[PDB]
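Asks: This structure is in structure tokens; I'll ask about it shortly.
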Amino acid sequence: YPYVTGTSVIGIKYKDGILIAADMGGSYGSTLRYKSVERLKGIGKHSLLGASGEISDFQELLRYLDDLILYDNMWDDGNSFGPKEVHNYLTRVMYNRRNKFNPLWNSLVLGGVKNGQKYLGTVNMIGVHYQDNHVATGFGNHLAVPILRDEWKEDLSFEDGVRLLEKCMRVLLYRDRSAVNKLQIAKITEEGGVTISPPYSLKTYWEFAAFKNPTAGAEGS
Amino acid sequence: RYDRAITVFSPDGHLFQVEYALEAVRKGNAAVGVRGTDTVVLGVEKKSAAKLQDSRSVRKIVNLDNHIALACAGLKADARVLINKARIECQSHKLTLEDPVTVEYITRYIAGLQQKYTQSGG
Amino acid sequence: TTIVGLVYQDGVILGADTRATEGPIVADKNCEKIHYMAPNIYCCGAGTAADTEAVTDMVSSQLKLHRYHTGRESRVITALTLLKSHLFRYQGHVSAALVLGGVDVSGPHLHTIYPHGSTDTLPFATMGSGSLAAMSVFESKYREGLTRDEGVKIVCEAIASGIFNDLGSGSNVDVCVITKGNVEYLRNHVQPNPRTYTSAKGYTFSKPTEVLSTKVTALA
Amino acid sequence: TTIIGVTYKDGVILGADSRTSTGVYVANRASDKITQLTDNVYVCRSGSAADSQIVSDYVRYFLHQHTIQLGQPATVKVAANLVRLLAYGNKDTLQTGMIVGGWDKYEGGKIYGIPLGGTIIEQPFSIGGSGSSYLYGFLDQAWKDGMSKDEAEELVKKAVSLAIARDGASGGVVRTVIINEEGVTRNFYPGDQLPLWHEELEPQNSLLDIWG
Amino acid sequence: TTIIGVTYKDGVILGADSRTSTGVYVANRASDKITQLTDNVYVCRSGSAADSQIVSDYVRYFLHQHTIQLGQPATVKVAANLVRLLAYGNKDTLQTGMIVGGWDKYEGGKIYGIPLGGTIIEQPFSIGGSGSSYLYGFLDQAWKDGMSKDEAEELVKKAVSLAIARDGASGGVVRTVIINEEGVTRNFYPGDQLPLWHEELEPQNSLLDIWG
Amino acid sequence: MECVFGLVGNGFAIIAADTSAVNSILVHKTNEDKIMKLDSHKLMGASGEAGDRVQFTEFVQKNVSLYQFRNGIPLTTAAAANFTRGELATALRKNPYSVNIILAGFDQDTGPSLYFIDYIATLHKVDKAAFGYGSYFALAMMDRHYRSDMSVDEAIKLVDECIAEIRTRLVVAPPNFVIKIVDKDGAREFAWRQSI
Amino acid sequence: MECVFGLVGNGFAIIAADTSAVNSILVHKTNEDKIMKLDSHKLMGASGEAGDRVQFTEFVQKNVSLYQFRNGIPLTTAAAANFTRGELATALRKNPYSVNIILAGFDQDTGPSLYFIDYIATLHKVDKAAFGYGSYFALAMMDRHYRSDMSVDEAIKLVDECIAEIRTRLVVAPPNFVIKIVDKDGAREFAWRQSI
Amino acid sequence: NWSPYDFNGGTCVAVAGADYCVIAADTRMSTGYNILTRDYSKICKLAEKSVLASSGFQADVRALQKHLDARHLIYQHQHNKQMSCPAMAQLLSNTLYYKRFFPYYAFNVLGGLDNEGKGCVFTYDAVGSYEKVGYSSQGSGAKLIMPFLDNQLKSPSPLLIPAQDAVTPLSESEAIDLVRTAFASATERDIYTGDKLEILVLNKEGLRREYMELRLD
Amino acid sequence: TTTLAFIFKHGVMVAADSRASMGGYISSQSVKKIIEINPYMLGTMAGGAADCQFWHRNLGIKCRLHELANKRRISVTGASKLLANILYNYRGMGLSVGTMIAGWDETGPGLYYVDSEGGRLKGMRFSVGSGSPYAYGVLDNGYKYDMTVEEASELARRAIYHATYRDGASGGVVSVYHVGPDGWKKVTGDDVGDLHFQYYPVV
Amino acid sequence: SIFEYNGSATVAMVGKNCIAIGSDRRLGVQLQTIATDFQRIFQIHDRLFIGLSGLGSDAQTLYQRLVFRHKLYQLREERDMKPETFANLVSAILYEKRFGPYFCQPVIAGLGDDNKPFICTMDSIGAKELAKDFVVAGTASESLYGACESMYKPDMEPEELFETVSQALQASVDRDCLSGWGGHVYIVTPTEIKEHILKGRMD
């Protein structure tokens, strides 16, 4: 069963690089046990992934990928895994562990840029995978892919990318009940490398007259 | 598990272990079989009836099945192992295919087992 | 299905797509999902159809009888309370769920009603399968005091989002504008996805279709 | 959900959280979980939405009838007992937990907690809803009897915000309702007005305002 | 069960209750839930009493091998990761929460929560067991960074007694361990020494003392 | 369903068993001989699943014939029955066979001997037995007119009566039965009882 | 379990049925006649739970007789079938009877008719009918040899063939069948097919 | 508790002919009622004259496609020859069956030219049975496509002993058009099909890819 | 499905339908339900199609290896027993194979019915599938040992057609095979849609 | 389930000023084919026909009950009931048993007013599906939807409409094992009613 689980991890391929956002919450049933669980990591030189779902399993996937990437690096023969190979390895491991009826309970968003070809893709807890311009997991797949599809552009700027991604993440924060206001945006680019935003919280709006007074009256509401 | 090439080629290409097996055969009780128009008479030379030997319990000519009878020459102890394997496989052939074995099938099976023993290790 | 409700400055706007399905197959490409209850009240039905039409029709009749009895124009709170009193007593077995809107002596009203009788009063509402796809648009673009044209634009955007992003609902967009006096209903306001193919030469029925008997009646 | 009721010298300050969820989705962000029974008595609805709503309606109906019959402001005790009349009468069907608060010339400001199953417990304060559990420890060391309308208001805000910050089922704006001799005063505190507890940051429009 | 660990300016102060229950019978009322793993590291045992102690035994064994082979006292990080090894590799067999705390000359006093499933979360303070729900709010409201020994110990006492007071599964004494550069120290606080919270009366040898 | 029953008479033993071969509701074959000559002087009538029956009885016949070849002297009936029980018991907790066995055989010295073995291996030298739903009628009849020295013709008359009662009073009365006898001269088939 | 089937000749409608009454494995009776006479010109074979079969058939006969005496003109076959279907369908949702019914009859102005009424209360005027496991064999054989103008000799030959097959191929093959014919003269018993 | 499978939708179609074969399938993946991606290609070219189109569970479909590429590469290496279409068909039947007790949730349709050059189509089921046909369809929209394909492309079954002739084969362009109309009328009435049509036409001059824009809802 | 076979004077006939139905839907009606294991032997598909096909390929391979090893063509009894054992090793696995093995040994014809759970019968007439009841209903009436080949084939066709008519899951072309001393030959395949109106003329 | 206990296929389709309603023709316990001449289409009055797919018994009950109500309407009002009104009546009397529903999936088709076609099918509890191109019900639902979607045209003379509904029904029923054994198609025009019985596959 999933015990300590996280939530949506949206993804948006923008000009000159890739952006991924994910709140810092790990919930335990209904409680938010944890509110500072960095759920985005940088993998190798050319990659970056976030995970949703069980946080123990995600921490294990990090060990798998760290051994993979260290073994890859120690060769020093001048070729390394780009986003594509890393994502394919992730799909293979997730599917294999599904075949054992012992799944890794996570949903993985992995993306990155290598040789000027920027890749972004996803993997499910049962091996379902696809590579796209913008991906999401969990409720980010209901409440964020509509707005991502609606507003994504071929050459989205970095600031426009951040503002779109925050639009999505705020829309989730309004209506997910599993999401904490803390969150991180991760930037990966060619020749800059991965760069993870410091944690922060988004301003939210509640002062609508209909909210203040459901119905309307001097006494009732 | 003890694996070693007991049977190996000598410089001249001979299998000295198989040649020595033949030597052992050539010292065993002589046997003869003759095939007739409607009968197949086997025979063998036992070692002295006057000598205090009770032969009631073991027959030098044996049945691998109600339709197959076998005579050996050489190591008497090994003959028993062949006979048991052949009997078991004869009934097994009855049990997987309804037919009983032909003579040639069981001959081929016995020979194949005997050869396998000449190439496996240990 | 995707149904929607928005309260703009002058009144309440309702919206809904027009696909009706029975499992993975669309039974009816153009369904009428916004219903009339009273001259100032309409409701978009989601959930079990039979139940939604049954309950909305029963409340419509009750509301008309009350309109005669009192003479004065029916108000939305009456429809809401009658729907509550009916839905609850059947303990959610009648699985009708509606977005209800109107304009009254007290001004625009917008409620969501769920099969157990739980109701809400909201500035923007969405229901049906594409409720999340619509609420994306509402939580991104809604604001107070939208004018009629902006409000209708937002509702059409929400329904288009709930058409293109959810399989349960599709086809064409319909809208009902409920201002103080007049209710501007649009049978098929937005048809965003036409038929992609022409079929060129119509295909021929080679087998002559043998028939055994033909009774014929000279209908008057 | 969260619902808290606090008694101070003059009367009551019933509270709520505003989040009706249907699973993991937040069907409503500004639900009003405090309803009127009479001009001086309110109930904090919690649990099943339909059941609590209709029990509120029926109590308001019976209590209209009663207050006309007597021609006199109905008391809190009677409101609570009417809520129990239906909460206990329908143990099978109504999965509701409520807190009733009000004010009377007869007894002052009283809080009656009608937990799930239909008991009445007069209390100095009550806590309810799934977000209650995050508060027992805090309240036990916080409650001081005989506060003003102010300190009680701050305590109710703290309680509901602490439950909000940590509970999945509770969030949104904090609503409070101050009931007193002069009458009910309803308030509204968005998240922005509530304090910032352990490991929470100050809300900011866009990361573009900090960079990363 | 209630288990808590809090970091202070020079170490950690892990603390737990003492009640093992087989239904509605307190089988042991002075249980010791803070099991040593090394001179540095103690771990507060939660969940099933078999899994928690068997994991504790295995990580004691591993720390004994590792410290000797290395020749240096085992860090806290190593101990937390050894506990996680067991609790995660046996994700499907073990039902035990844990809290690893200690002091080590490298990273100073630290605390690693290891809830069900084996997620090492480094924290300033952690809480587990059934009696954590009642402390979530109190500790969001009360946590401070860098307290001294006395302040941290008193917070641990307040938190655990607040859990004891409202939690059926938590009760008895409050045990605390103060791991610090100069060494471990184990304290024991009967229910008598603990404060009194809402709705608690001074104990009394008999009623003939009051009534008569 | 497969009905088989046995009997021990003067110097012989008699096993009778229906010869229908039925799928769920369909009679694929009404000529299925379910009593095998386990040996020149033994019979093994079985009743269970068709696959289990055939495979297990063939396995026991394999072992019996192997013993006969290996030692020269065939297994005595008691030894054959005990071997069958042992094998069925060892298979009981690993991969159960669902066959019930009635083993009859004539042992030159002891005399006739019927033995009863059940799905859970329970052996008992018995002078009358029966498996299937027809066991009720078989056992009642036999207990009624059976004699420890009851000869061939009269024992077979009794078996005809048992067959007729089974065929007239069971809902699933099987039409055809086979009567097999075993005495000094070896196991044999005694006349088939056609009904259709 | 019961088997029933019908057949419409040029001026007659035969109905046959097995006559075995059972409990679990015992044929308490093999003379149980199940084809009822509703009128001088009606037959009603029924199959289903014996208690329900008897109670429903008696109820329907009561209503047929009540109609006859009160008006002076007997219910026509189609009306009797429709009334049966109505009563069975109304009971379906309230206290269902588990009876399957085949109704035959002759009316001077219409000729022989045979109605199919299922326990679900589906009514159809069938040329040939059958209920129970014997239904497969009966229907296949009738289809193979049925004509629309069969002399009672041919119809009875066909019913005999169907009975023989049902006995040969079913496992629950009942031994005794009754054959009843309806013609201009009236509902009647044609012959009893003793097997035992 | 988790489910080890998911209906990811889509639909596939194949129409063999005199010297060609039209494997065409849609481009859509759905988990319940939301679209995952609108660019999931279902056609996989396994050999120079074979094309596997699969619908169902995407993970299983892709695992199967990768496994068949591996087996075909091993075949090439061992025998120094590219594995003919019927050989591929039986290999895919075997590979589906070997997982008999934990089946792939993939409903497959091969296509392509047999070694002499006549187009083929092999229709499978999740357990592994298969049969050469002249046309086929599998996926969410198969039951809607097949009635129409049957009525326009129908001929005596090859089991009639005095063989009774067959309709003149629709030439390639007629086949493309028939597939297009089939998918248009299937995406009109089925919810799991649409967002694009991927037509793959395999012929003596090599395979060509074409597309047709189906509606987006 | 509905399939049948029966030995008579001039050999063994085998007749089968051509209808694969899953749930309530007709997957196809070109499915060949009579598998030729050997130029002198036919195996009939019934029950699970995947199971029957796979295990009949296995049986054909075992028979071919047997022909190679023994320099003599395996008999019908041998093949039937091989299949029965092979299936028995998977008794609890939920296989759905049940198939007639029909062939002409060196010792006259043979017909065995093998089953998914090791049930093997040597018989003189068989019929298997959901339409077996009607197949027997018709087959047993017209069957006579000495009926010549033409009327034997006609009897097999009529039986399969009647199973087809009264059965939901049986239909399509009616394939009929003849196994004799010189191996087997297909005699007829007649679409039931036309066979019906051959049998009951409209007029 | 219970809807495919008998199995049926019914279609309705709209021509220029004519309406056509088709149906299958077989009764079955489940797969037994008791009768190849079942009636699922009932004429209630000239220019109004109802097809009642689903359970056969529920169908007969609803038909007889509907005749009762319709005749009593003719005696009380003196006008034959208009199509849409009849659809509303059927919806009401189906929904009355909301919790005891009839397992029927009625199809309603009939000309009326200024000779204007009307077609609609309903859920088992009366949810109407007023359509304008065509309507399909029964076990062959999906196949009928595909066949009609691929074979329909907007405005069709009576003869084109007959040929199209016939081909759609037959091609869609051949892909269903619980339906077939002929067909029964009506072409209703404001001056003529033609009732056709089609030659089908009897398998």
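Lettering and numbering for the structure tokens are positional, with chains as A, B, ... in the shown order, residues counted from 1 in each chain, and ligands counted from 1 in the shown order.
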Tell me, as a PyMOL selection string, which residues lie within 7 Å of residue 183 in chain F, counting only C-alpha atoms; anything in the same chain fewer than 6 positions away does not count.
Replies: chain F and resi 11-13+106+112
Asks: In Å, how much C-alpha RMSD is there between chain F and chain G after the fit, with all atoms paired in order?
Replies: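 C-alpha RMSD after least-squares superposition: 0.4 Å.
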Asks: Using 12 Å as the limit and counting only C-alpha atoms, can you tabulate each residue of chain C that touches chain I, with its shortest atom-to-atom distance in Å and the two atoms involved, as JSON lines?
Replies:
{"residue": "C:211", "atom": "CA", "partner": "I:202", "partner_atom": "CA", "distance": 11.6}
{"residue": "C:212", "atom": "CA", "partner": "I:202", "partner_atom": "CA", "distance": 8.8}
{"residue": "C:213", "atom": "CA", "partner": "I:202", "partner_atom": "CA", "distance": 11.3}
Asks: Give the residues of chain C that lie within 12 Å of chain D; count only C-alpha atoms, and format the answer as an mmCIF file with N, CA, C and O atoms, in the first residue's frame.
Replies:
data_model
loop_
_atom_site.group_PDB
_atom_site.id
_atom_site.type_symbol
_atom_site.label_atom_id
_atom_site.label_comp_id
_atom_site.auth_asym_id
_atom_site.auth_seq_id
_atom_site.Cartn_x
_atom_site.Cartn_y
_atom_site.Cartn_z
ATOM 1 N N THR C 81 -34.627 24.103 -2.947
ATOM 2 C CA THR C 81 -35.144 23.392 -1.786
ATOM 3 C C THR C 81 -36.019 22.221 -2.189
ATOM 4 O O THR C 81 -35.998 21.183 -1.524
ATOM 5 N N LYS C 84 -33.622 19.521 -3.180
ATOM 6 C CA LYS C 84 -33.046 18.928 -1.982
ATOM 7 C C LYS C 84 -34.019 17.959 -1.338
ATOM 8 O O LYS C 84 -33.679 16.809 -1.050
ATOM 9 N N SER C 85 -35.243 18.415 -1.092
ATOM 10 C CA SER C 85 -36.211 17.576 -0.409
ATOM 11 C C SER C 85 -36.525 16.315 -1.189
ATOM 12 O O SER C 85 -36.856 15.297 -0.579
ATOM 13 N N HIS C 86 -36.444 16.353 -2.517
ATOM 14 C CA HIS C 86 -36.685 15.133 -3.277
ATOM 15 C C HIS C 86 -35.463 14.231 -3.280
ATOM 16 O O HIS C 86 -35.567 13.035 -3.005
ATOM 17 N N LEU C 87 -34.295 14.787 -3.590
ATOM 18 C CA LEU C 87 -33.104 13.962 -3.714
ATOM 19 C C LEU C 87 -32.755 13.296 -2.397
ATOM 20 O O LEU C 87 -32.418 12.109 -2.372
ATOM 21 N N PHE C 88 -32.830 14.029 -1.287
ATOM 22 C CA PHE C 88 -32.446 13.428 -0.018
ATOM 23 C C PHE C 88 -33.307 12.220 0.310
ATOM 24 O O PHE C 88 -32.788 11.151 0.647
ATOM 25 N N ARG C 89 -34.629 12.366 0.225
ATOM 26 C CA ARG C 89 -35.493 11.315 0.743
ATOM 27 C C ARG C 89 -35.294 10.004 0.005
ATOM 28 O O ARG C 89 -35.734 8.960 0.493
ATOM 29 N N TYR C 90 -34.650 10.034 -1.158
ATOM 30 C CA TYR C 90 -34.267 8.825 -1.865
ATOM 31 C C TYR C 90 -32.810 8.460 -1.618
ATOM 32 O O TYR C 90 -32.274 7.571 -2.284
ATOM 33 N N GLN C 91 -32.161 9.142 -0.676
ATOM 34 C CA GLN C 91 -30.883 8.711 -0.124
ATOM 35 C C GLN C 91 -29.844 8.481 -1.209
ATOM 36 O O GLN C 91 -29.040 7.553 -1.124
ATOM 37 N N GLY C 92 -29.853 9.315 -2.239
ATOM 38 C CA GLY C 92 -28.859 9.224 -3.281
ATOM 39 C C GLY C 92 -29.059 8.093 -4.258
ATOM 40 O O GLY C 92 -28.276 7.975 -5.203
ATOM 41 N N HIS C 111 -26.180 27.338 -8.010
ATOM 42 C CA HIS C 111 -26.007 26.276 -7.035
ATOM 43 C C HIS C 111 -25.605 25.003 -7.753
ATOM 44 O O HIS C 111 -25.918 24.807 -8.926
ATOM 45 N N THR C 112 -24.915 24.131 -7.035
ATOM 46 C CA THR C 112 -24.698 22.767 -7.480
ATOM 47 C C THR C 112 -25.424 21.826 -6.538
ATOM 48 O O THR C 112 -25.358 21.975 -5.319
ATOM 49 N N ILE C 113 -26.114 20.850 -7.110
ATOM 50 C CA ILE C 113 -26.892 19.895 -6.338
ATOM 51 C C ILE C 113 -26.356 18.508 -6.639
ATOM 52 O O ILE C 113 -26.183 18.147 -7.808
ATOM 53 N N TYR C 114 -26.097 17.741 -5.598
ATOM 54 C CA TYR C 114 -25.523 16.418 -5.714
ATOM 55 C C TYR C 114 -26.525 15.358 -5.294
ATOM 56 O O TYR C 114 -27.461 15.638 -4.539
ATOM 57 N N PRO C 115 -26.357 14.118 -5.753
ATOM 58 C CA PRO C 115 -27.451 13.147 -5.641
ATOM 59 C C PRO C 115 -27.946 12.924 -4.232
ATOM 60 O O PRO C 115 -29.075 12.454 -4.065
ATOM 61 N N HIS C 116 -27.148 13.219 -3.212
ATOM 62 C CA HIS C 116 -27.594 13.010 -1.843
ATOM 63 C C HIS C 116 -28.318 14.209 -1.258
ATOM 64 O O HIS C 116 -28.763 14.135 -0.111
ATOM 65 N N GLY C 117 -28.450 15.300 -2.002
ATOM 66 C CA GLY C 117 -29.071 16.499 -1.487
ATOM 67 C C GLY C 117 -28.113 17.557 -1.002
ATOM 68 O O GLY C 117 -28.560 18.642 -0.628
ATOM 69 N N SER C 118 -26.816 17.280 -0.983
ATOM 70 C CA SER C 118 -25.849 18.302 -0.620
ATOM 71 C C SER C 118 -25.798 19.364 -1.703
ATOM 72 O O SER C 118 -25.653 19.054 -2.888
ATOM 73 N N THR C 119 -25.903 20.626 -1.296
ATOM 74 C CA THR C 119 -25.956 21.729 -2.238
ATOM 75 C C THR C 119 -24.889 22.746 -1.882
ATOM 76 O O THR C 119 -24.430 22.820 -0.741
ATOM 77 N N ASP C 120 -24.493 23.530 -2.874
ATOM 78 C CA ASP C 120 -23.548 24.610 -2.670
ATOM 79 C C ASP C 120 -24.054 25.851 -3.382
ATOM 80 O O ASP C 120 -24.861 25.764 -4.306
ATOM 81 N N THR C 121 -23.593 27.006 -2.923
ATOM 82 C CA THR C 121 -23.799 28.273 -3.608
ATOM 83 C C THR C 121 -22.440 28.818 -4.013
ATOM 84 O O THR C 121 -21.555 28.968 -3.167
ATOM 85 N N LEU C 122 -22.274 29.112 -5.295
ATOM 86 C CA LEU C 122 -20.950 29.286 -5.862
ATOM 87 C C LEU C 122 -20.933 30.435 -6.853
ATOM 88 O O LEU C 122 -21.966 30.763 -7.444
ATOM 89 N N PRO C 123 -19.775 31.065 -7.058
ATOM 90 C CA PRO C 123 -19.658 31.987 -8.186
ATOM 91 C C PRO C 123 -19.407 31.276 -9.494
ATOM 92 O O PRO C 123 -19.867 31.741 -10.541
ATOM 93 N N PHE C 124 -18.679 30.169 -9.470
ATOM 94 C CA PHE C 124 -18.479 29.353 -10.652
ATOM 95 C C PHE C 124 -18.581 27.897 -10.247
ATOM 96 O O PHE C 124 -18.074 27.495 -9.200
ATOM 97 N N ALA C 125 -19.247 27.114 -11.080
ATOM 98 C CA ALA C 125 -19.456 25.705 -10.812
ATOM 99 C C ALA C 125 -19.152 24.909 -12.066
ATOM 100 O O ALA C 125 -19.237 25.428 -13.177
ATOM 101 N N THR C 126 -18.770 23.653 -11.877
ATOM 102 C CA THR C 126 -18.613 22.719 -12.977
ATOM 103 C C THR C 126 -18.959 21.328 -12.476
ATOM 104 O O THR C 126 -18.830 21.048 -11.285
ATOM 105 N N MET C 127 -19.402 20.464 -13.381
ATOM 106 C CA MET C 127 -19.734 19.096 -13.017
ATOM 107 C C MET C 127 -19.487 18.199 -14.216
ATOM 108 O O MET C 127 -18.935 18.626 -15.227
ATOM 109 N N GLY C 128 -19.881 16.945 -14.087
ATOM 110 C CA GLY C 128 -19.668 15.992 -15.151
ATOM 111 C C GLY C 128 -18.226 15.551 -15.212
ATOM 112 O O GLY C 128 -17.367 15.995 -14.450
ATOM 113 N N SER C 131 -15.324 18.020 -15.305
ATOM 114 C CA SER C 131 -15.398 19.075 -14.307
ATOM 115 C C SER C 131 -14.021 19.627 -14.000
ATOM 116 O O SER C 131 -13.862 20.831 -13.804
ATOM 117 N N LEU C 132 -13.011 18.763 -13.946
ATOM 118 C CA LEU C 132 -11.656 19.228 -13.681
ATOM 119 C C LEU C 132 -11.126 20.057 -14.841
ATOM 120 O O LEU C 132 -10.486 21.095 -14.636
ATOM 121 N N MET C 135 -12.745 23.376 -14.473
ATOM 122 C CA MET C 135 -12.332 24.136 -13.306
ATOM 123 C C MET C 135 -10.914 24.640 -13.457
ATOM 124 O O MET C 135 -10.545 25.630 -12.828
ATOM 125 N N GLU C 139 -10.541 28.456 -12.448
ATOM 126 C CA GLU C 139 -9.563 28.875 -11.455
ATOM 127 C C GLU C 139 -8.435 29.688 -12.060
ATOM 128 O O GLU C 139 -7.677 30.306 -11.309
#
Asks: May I have a table of the residues of chain A lying at most 7 Å from chain H, giving each one's closest pair of atoms and their distance in Å to one decimal, counting only C-alpha atoms, ordered by chain and ascending residue number, as CSV?
Replies:
residue,atom,partner,partner_atom,distance
A:1,CA,H:1,CA,6.9
A:127,CA,H:59,CA,5.3
A:128,CA,H:59,CA,4.9
Asks: Residues of range 63-119 of chain J in helix (DSSP H, G or I) according to DSSP, as a PyMOL selection string?
Replies: chain J and resi 63-77+83-95
Asks: For the selection you just gave me, I'd like the residues written to a file as a PDB file, in the first residue's frame, keeping C-alpha atoms.
Replies:
ATOM      1  CA  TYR J  63     -46.278  -4.226 -25.607  1.00  0.00           C
ATOM      2  CA  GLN J  64     -49.601  -5.520 -24.166  1.00  0.00           C
ATOM      3  CA  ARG J  65     -49.586  -2.828 -21.413  1.00  0.00           C
ATOM      4  CA  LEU J  66     -48.857  -0.124 -24.054  1.00  0.00           C
ATOM      5  CA  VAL J  67     -51.761  -1.387 -26.269  1.00  0.00           C
ATOM      6  CA  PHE J  68     -54.090  -1.062 -23.205  1.00  0.00           C
ATOM      7  CA  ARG J  69     -53.064   2.584 -22.610  1.00  0.00           C
ATOM      8  CA  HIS J  70     -53.050   3.526 -26.351  1.00  0.00           C
ATOM      9  CA  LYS J  71     -56.536   2.133 -27.039  1.00  0.00           C
ATOM     10  CA  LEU J  72     -57.960   3.844 -24.000  1.00  0.00           C
ATOM     11  CA  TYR J  73     -56.366   7.066 -25.285  1.00  0.00           C
ATOM     12  CA  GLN J  74     -58.076   6.599 -28.654  1.00  0.00           C
ATOM     13  CA  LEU J  75     -61.453   6.138 -26.975  1.00  0.00           C
ATOM     14  CA  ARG J  76     -60.935   9.100 -24.648  1.00  0.00           C
ATOM     15  CA  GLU J  77     -59.221  11.562 -27.004  1.00  0.00           C
ATOM     16  CA  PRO J  83     -44.880   9.816 -31.749  1.00  0.00           C
ATOM     17  CA  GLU J  84     -43.107  12.120 -29.285  1.00  0.00           C
ATOM     18  CA  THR J  85     -46.043  11.807 -26.911  1.00  0.00           C
ATOM     19  CA  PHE J  86     -45.837   8.035 -27.133  1.00  0.00           C
ATOM     20  CA  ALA J  87     -42.119   8.177 -26.392  1.00  0.00           C
ATOM     21  CA  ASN J  88     -42.853  10.291 -23.325  1.00  0.00           C
ATOM     22  CA  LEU J  89     -45.526   7.819 -22.221  1.00  0.00           C
ATOM     23  CA  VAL J  90     -43.140   4.898 -22.578  1.00  0.00           C
ATOM     24  CA  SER J  91     -40.450   6.804 -20.701  1.00  0.00           C
ATOM     25  CA  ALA J  92     -42.864   7.462 -17.847  1.00  0.00           C
ATOM     26  CA  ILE J  93     -44.047   3.857 -17.593  1.00  0.00           C
ATOM     27  CA  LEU J  94     -40.455   2.619 -17.710  1.00  0.00           C
ATOM     28  CA  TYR J  95     -39.275   5.048 -15.048  1.00  0.00           C
TER      29      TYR J  95
END
Asks: If you run DSSP on the backbone, which residues of range 60-199 of chain D are strand (DSSP E or B), as a ChimeraX atom specification?
Replies: /D:96,98-104,108-114,121-123,125-128,167,174-179,185-189
Asks: With 10 Å as the limit and counting only C-alpha atoms, what residues in chain A lie close to chain C? Please list them as a VMD selection string.
Replies: chain A and resid 139 141 to 147 149 to 150 167 to 168 170 to 172 174 to 175 208 to 211 213 to 217
Asks: With only C-alpha atoms considered, list every residue of chain I at most 8 Å from chain F, as a list in words.
Replies: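 Interface list for chain I against chain F: residues 88, 117, 118, 119, 120, 121, 123, 126, 127 and 133 of chain I.
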Asks: Need the shell around residue 142 in chain I: protein/DNA/RNA residues with any atom at most 12 Å away, counting only C-alpha atoms. Skip same-chain ones fewer than 4 positions apart. Format as a list in words?
Replies: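 Residues near the query, excluding close chain neighbours: residues 141, 144, 145 and 161 of chain G; 6, 135, 136, 137, 138, 146, 147, 151, 152, 153, 154, 155, 156, 157, 158 and 159 of chain I.
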Asks: Considering only C-alpha atoms, extract the chain D residues located within 8 Å of chain A and return them as number ranges by chain.
Replies: D: 24-27, 29-32, 35-36, 39, 166-171, 173, 186, 188, 190-192, 199-208, 211-212
Asks: If the cut-off is 9 Å, can you tell me the residues of chain I near chain J, counting only C-alpha atoms? I'd like them as number ranges by chain.
Replies: I: 21, 23-28, 161-172, 192-194, 196-197
